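Below you'll find only one chain, the form deposited in one PDB entry, shown as structure tokens.
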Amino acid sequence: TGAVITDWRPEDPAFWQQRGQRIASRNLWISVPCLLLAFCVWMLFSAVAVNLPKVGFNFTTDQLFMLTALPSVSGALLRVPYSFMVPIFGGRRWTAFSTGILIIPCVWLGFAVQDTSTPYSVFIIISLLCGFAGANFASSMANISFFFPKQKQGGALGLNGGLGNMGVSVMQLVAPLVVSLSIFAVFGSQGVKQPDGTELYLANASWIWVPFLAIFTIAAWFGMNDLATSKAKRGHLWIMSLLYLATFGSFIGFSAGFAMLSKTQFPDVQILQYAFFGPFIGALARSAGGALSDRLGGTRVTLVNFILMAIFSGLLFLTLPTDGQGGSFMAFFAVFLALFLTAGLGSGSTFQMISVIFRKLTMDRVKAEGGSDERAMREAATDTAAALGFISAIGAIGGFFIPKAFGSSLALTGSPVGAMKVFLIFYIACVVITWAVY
């Protein structure tokens, strides 16, 4: 029952009832909180950048948007490499490592926000380091696919990735709470007197994850396992890439720059009180998207969803001050909730299609070729790990594009309309292209 498992036989019904299920279950429920904490670290600047002017920093609006968009750059670049790391180092060893190193940017960001002389380029580095957390998805999903290789075990991936995405809302909920409280005075936390008369501890938004990162690094080390087992069309790979970019990329893109966008359009509103609700119902709808796609088919769900994305991205224009005249935060917030909801739905819907193409179809193609059940699970798991690594990497681009588009549109034109036009054309194009592959 040691950490390294040399006897792994999922092709044996007896092994699974005796050893297999209990092992795979233990790994999943340590993988989920580790992945959840990664999504907390990944999107940290979505909440931190908003509070940066409140503590003395004078970065431009575009600079603040850039800080929220950059972790999706290093995240996208590292997801394909991360997808190959579990077979090399083992699920347990890599999970402990990929979670443990996330302590460094968290500690650093806490000290950076307490010094107003901290260069913007330092925040750039920290922002890029937070992107390492975003790459944890590809490794975490790859790991689960090996622990749950059987045909009926499809869903352990959706659960791991679904609960992982919850980390965005968790962080956007926890961060505004802890910054009002003084809890790390022992470690050198300094408060900044707000115009409200209250105190603001921006370091807490980052330092709060350090103990939890430490705990589940130890938990992954003593609780997870290393599978000592062998782990050996492109047209579909690009369609899924485009689909996952339009859906998940929208989800993670809106999650990164919503609070910043809301702050530029409605300065009076403390958006961090409600911002977490967006990614929350988005990650929640992700689970509904998979079952909906399985029932109604990937084509019908993707088509209708993209229609709604275009419509809701179109309604977003009506909720904006034009210029300094009118506008409705309530409508602005509600429409974005509709955009978060439809992005998460399509995210889970697209993900369900990925597993159908690269896991189930693969596992059944080898069987039809007379292949064993062991080889069936193996190829399906590795092909899924490799595909999802590529697909999620392309999908992460939206996490950079959307906030950067807003910042560029606001700087060049003094309005977010320019970025929203591009989004609308994109969604309309997605409707057309999805209708092309039909």
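By rigid core we mean the largest C-alpha set that fits within 1.5 Å across both forms. A residue's number is simply how far along the shown sequence it sits, counting from 1.
Heads up, the form deposited in another entry isn't pictured, but that's what we're talking about next.
Comparing C-alpha positions between this form and the one not shown after a rigid core fit, one residue in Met85, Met353, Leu102, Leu109 moves 2 angstroms or more. It is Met353. A movement of the C-alpha atom of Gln273 falling short of 2 angstroms is seen between this form and the one not shown when the two forms are aligned on their rigid core.
Core-superposed comparison between this form and the one not shown: the CA of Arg378 exceeds or equals a 2 Å shift.
With the core held fixed between this form and the one not shown, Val186 has its Cα displaced by under 2 Å. In summary, the C-alpha positions of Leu129 and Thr382 diverge in that other deposited form, ending up at least 3 angstroms farther from each other than in this conformation. In that other deposited form, the CA atoms of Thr384 and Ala156 move farther apart by at least 3 angstroms compared with the shown structure.
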